[PDB]
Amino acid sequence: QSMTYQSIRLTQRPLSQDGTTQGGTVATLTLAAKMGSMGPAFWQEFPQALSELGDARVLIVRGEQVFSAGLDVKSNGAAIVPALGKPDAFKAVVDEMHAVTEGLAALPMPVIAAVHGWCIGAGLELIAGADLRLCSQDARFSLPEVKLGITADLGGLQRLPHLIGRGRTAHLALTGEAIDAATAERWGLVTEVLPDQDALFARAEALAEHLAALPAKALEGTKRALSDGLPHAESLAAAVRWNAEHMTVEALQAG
């Protein structure tokens, strides 16, 4: 069962297609605009698609020709340019874009970004909020915002240092130049590199099947702890409280 939006496609595959029960799905969100570009429709539709994921155990995010060329400068310029030099108006504009990056990062389930070819700018900021990142050999990653006189402000400068370190983030962000798949894996931006797009998509599906087999609330608590940004003792105490609420005798016995 698929839902076509203007800028994206969302498909959900029932994990059991037999049985008389309502269970979970694996969701796949495809960036479907030209070169996976992000225009004004994207900022409106992506959060709508996220609201459809109440039943989903895992979300895969992927592209078509490439993953994403990032922000479409031309089509977003209509909203951005009139707000330049107006901090409150400018914030309001970027708030719509944060609905995507912060919305994805806040999803309670595992999110797998499966990247082939170009992953540029807002594309890279988006995957920075995913839980697991996989790519193909041909994948190339960059944050070229500086070349346009832009400071990356969709969460890349905050999230990327947790993944690859501050120095390596500074390399990407200050030079604006791309890194290849082998480098991304060395740096910890991705945890697997596959031969090609088809191998990538197959592996993402398999990884999703693996995660969907695991207890949903343990995955959620783990994600919460890693993303909480709380001091050690507070983050620790919150994980303990999560287990108090969500551990079951049954999950112990089954595992």
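In this text, residue numbers run from 1 along the sequence as written.
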{"item": "Stretch with the higher entry mean CA B-factor, where the candidates are 182-190 and 56-64", "value": "56-64"}
{"item": "226-234 versus 22-30 - which carries the larger mean C-alpha B factor in the record", "value": "22-30"}
{"item": "Member of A122, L132, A128, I80 with the greatest C-alpha B factor (per the PDB record)", "value": "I80"}
{"item": "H98 CA temperature factor, ranked by third within the chain", "value": "middle"}
{"item": "CA B-factor ranking of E205, expressed as a third of its chain", "value": "middle"}
{"item": "Within-chain third of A139 by Cα B-factor, per the entry", "value": "middle"}
{"item": "Within-chain third of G221 by Cα B-factor, per the entry", "value": "lowest"}
{"item": "Ranked C-alpha temperature factor of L71 among modelled chain residues, by third", "value": "highest"}
